Amino acid sequence: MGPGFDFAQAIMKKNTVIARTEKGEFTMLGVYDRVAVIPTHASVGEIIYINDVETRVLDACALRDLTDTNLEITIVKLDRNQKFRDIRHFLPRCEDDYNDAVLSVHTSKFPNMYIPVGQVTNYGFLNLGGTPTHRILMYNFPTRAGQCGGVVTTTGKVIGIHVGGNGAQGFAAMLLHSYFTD
């Protein structure tokens, strides 16, 4: 409807796949080459389904900060025959607050879903399903089961992936450029 949705749509159409694990279907953001991200609670194993294709996982890493605190981001390298468009130049370098964010989801359950979530707070610490977690972004939208892995964007920036909610607020794990240096 506006340039927020325009940027979000451009990311969804070229840089997302449907990831299925034993824990369900997730929006999965491709970042560059065969490297993608997914919430750590997806429990990625040796094999994952990508758009319903059986795919070997060549490497997977559950990120933690240098306090050895969960970040709830898993970086996955896929044995896929095709590279993602490189979107690393759209990742923020530092922890920040944002205005006017969109949360975008693409699964069997929620195809082509775009949610204007508004103002995003650098929340920091969250007890997420009982796990102490750092670098959490918060937005005032009642997000639901099925939106995990959803991409959080502003005009010009890919800032996070949806990892939980409490019925009134939603929570995303930050994406930082430094996670994807090669």
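Residues numbered from 1 in each chain as written, not as in the entry; some residues may be left out. Heavy atoms only, no water.

As recorded in the PDB header, X-ray crystallography is the method behind this entry, and the stated resolution is 1.46 Å.

Looking at the PDB entry, the protein carries the name Protease 3C, with the source organism given as Human Enterovirus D68.

Participant: Now, about the domain arrangement of the protein: what can you tell me, with residues and values included?
Facilitator: What the domain assignment reports for the protein is domain 1 (1-15 + 85-182) and domain 2 (16-84). A straight line from the C-alpha centre of domain 1 to that of domain 2 covers 16 Å. Opposite the 35 residues of domain 1 that make contact, domain 2 presents 27 residues. Note on domain 1 versus domain 2: buried area summed over both sides is about 2400 Å², and carbon and sulfur give 65% of it. On the domain 1 side of the interface with domain 2, the three residues burying the most area are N15, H134 and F180, jointly 23% of the side's total. Summed over the shared surface of domain 1 and domain 2, the number is zero salt bridges. (Domains from an automatic or database assignment. Contact = heavy atoms within 4.5 Å. Buried area = accessible area lost by both parts, 1.4 Å probe. Salt bridge = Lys/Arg side-chain N within 4 Å of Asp/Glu carboxyl O.)

Participant: Talk me through the pattern of salt bridges; I want residue IDs and the actual numbers.
Facilitator: Where charged atoms of side chains with opposite charge meet at close range, the side chains can pair. Taken as a whole and judged by the stated rule, the model has six salt bridges. When the shortest N-O distance is used, the salt bridge between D182 and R88 registers 3.0 Å. Taken together, the residues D182 in the segment after β12 (170-174) and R88 in the loop between β6 (70-78) and β7 (98-105) connect sequence positions 94 residues apart. By relative accessible area, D182 is classed as exposed at 75%. (Helix = DSSP H or I, 4+ residues; strand = E, 2+ residues; numbered from the N terminus. Buried < 20%, exposed > 50% of the residue type's maximum accessible area, 1.4 Å probe, protein only.)

Participant: Summarise the pairing of strand β10 (residues 151-154); cite the residues concerned and give the values.
Facilitator: By the alternation rule, side chains of β10 split into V151 and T153 and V152 and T154, which are all buried. Relative to β10, β7 runs antiparallel, the two sharing three bridges. Paired with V102 across the two strands is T153, which belongs to β10. Across four bridges, β10 lies against strand β11 (residues 157-165) in antiparallel orientation. The residue bridging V151 from the neighbouring strand is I161, located in β11. Taking the residues that link successive antiparallel strands as the turn, the β10-β11 hairpin has two residues, and the phi of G156 there is positive, at about 95 degrees. (Pairing = 2+ DSSP bridges.)

Participant: Got a sec to walk through the packing of aromatic side chains? Specific residues and values, please.
Facilitator: Here the structure, examined in full by the defined rule, presents three aromatic pairs. Over the ring of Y32 we find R88; its NZ or CZ atom is 3.8 Å from the centre of that ring. (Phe/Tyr/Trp six-rings, centres within 6.5 Å; stacked < 30°, edge-to-face > 60°. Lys NZ or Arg CZ within 6 Å of the ring centre and 35° of its normal.)

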